[PDB]
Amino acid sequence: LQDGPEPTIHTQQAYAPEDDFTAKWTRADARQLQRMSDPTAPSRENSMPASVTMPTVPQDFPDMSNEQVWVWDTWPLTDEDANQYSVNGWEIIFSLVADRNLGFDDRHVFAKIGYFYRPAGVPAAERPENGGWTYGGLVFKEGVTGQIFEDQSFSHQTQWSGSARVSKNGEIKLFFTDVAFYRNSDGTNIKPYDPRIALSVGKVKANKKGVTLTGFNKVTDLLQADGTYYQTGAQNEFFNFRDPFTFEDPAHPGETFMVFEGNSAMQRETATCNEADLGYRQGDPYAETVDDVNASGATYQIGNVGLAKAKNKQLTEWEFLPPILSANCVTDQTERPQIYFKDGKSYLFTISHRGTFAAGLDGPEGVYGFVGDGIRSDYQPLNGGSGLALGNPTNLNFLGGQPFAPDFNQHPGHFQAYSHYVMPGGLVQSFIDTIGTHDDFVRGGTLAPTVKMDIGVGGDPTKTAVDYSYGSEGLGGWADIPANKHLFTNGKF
């Protein structure tokens, strides 16, 4: 540790889901990331501790769809405990996909949800190098996902990330972000975009032939930003609102909860941070003033993790609860939040970019983690209060560059992995954005090798460590999304 501020003291104390306690990931906490970085790290070398850095992905990577489509954010078939399922001998995944003819950076506004399947239980090394997935095509027929929007003049209409529950009778509830865009030919908004948390129900049919899906013809509009707990388009043209992950909390049986990315509901240009947001211990030599922070531009970075509760058993009606985590003046984006249960603890994992960090702060691309005694709690950021669980190899002493333009001095795996997702046994799956140096890089659009992150080193639930023995030198199978539970169903085709 370099000298710096102390981390904010977090109690981990549980609260009721309905309470409006909102844990803060503080500037104090986030500044621990800089303290863990090694100032002397030379050009293109990782400066972050190996134990919180994803193993380096080879630039010579296979493609999981044989280049049929761009693939990114991926999620398995789950139950209320986040166990991952095969059906009738097939592991099944949902992924954001886009036409491979698109420029990689243009794909976001043409995203759709597709699905892949592969035989379950094939010896991990008897499996093809690329994962052995079969692309099943698109989940939705043309025109289905548009049905929820009153305003049909949209220029673009996407399906963004979420989660998918499978029932014992083979029903699939697909929770996703249904998004409408209103853009001129140059990308400028005619009005703010319209992302909604949505549900679509279907069925899995699976044979020795493979897997097909039926249904997914009706979409229920579940949630949209309210303006009290979660920032709206009116409040912020480029507000975040997406990524439903649903689950059952062991401490609140028979009820269903959802976490999702949001922003703190403040007016963009008059937003302010307070002393809680900064979070310094009295008389820390490294303390900032509220005025200094408020004047820096840090107030433009006000991401949050939301929580909602299902009103019925069908999960077609939801009630907003107050945010469970705020990163005011810390980051714009806490993406793809998920709650992970282990050893009596609630782990909130979330994904962030380097570039979204507020002025005065810095951190790698990757997984940020938080632990508490309840789904609403005074969350403790993992690893010395920093919040870092699994960062891409990063030289934090040098600029980050961009995935379309890596920085001259940056580690070539700075953008090697994004939209990570923590599976049972701490196995982490993610997709490749960019690998390579400033003058020799490639884009991914395919999944990275799965890696292992051991959660709770010693008896300490606040620490994690990458397991570098897993697979080859830390890298497991390409696109490996293993099922730990298995279902057999009526459905066939």
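Just count from 1 along the sequence shown to find any residue number.
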{"item": "Between 386 to 394 and 273 to 281 (mean CA B-factor, as deposited), the higher", "value": "273 to 281"}
{"item": "Entry-level comparison of average CA B-factors, 289 to 297 and 137 to 145, reporting the higher stretch", "value": "289 to 297"}
{"item": "Which of 111, 358, 251, 399 ranks first by CA B-factor in the deposited coordinates", "value": "251"}
{"item": "Top residue by Cα temperature factor, when 464, 434, 430, 65 are compared in the entry", "value": "464"}
{"item": "Chain-wide C-alpha B factor ranking for residue 447, given as lowest, middle or highest third", "value": "lowest"}
{"item": "Chain third (lowest, middle, highest) by recorded CA B-factor, residue given as residue 468", "value": "highest"}
{"item": "Entry-reported Cα temperature factor of residue 69, expressed as the chain third it lands in", "value": "lowest"}
{"item": "Record-listed C-alpha B factor of residue 228: chain third", "value": "highest"}
{"item": "Ranked against its chain, the third holding the CA B-factor of residue 366", "value": "lowest"}
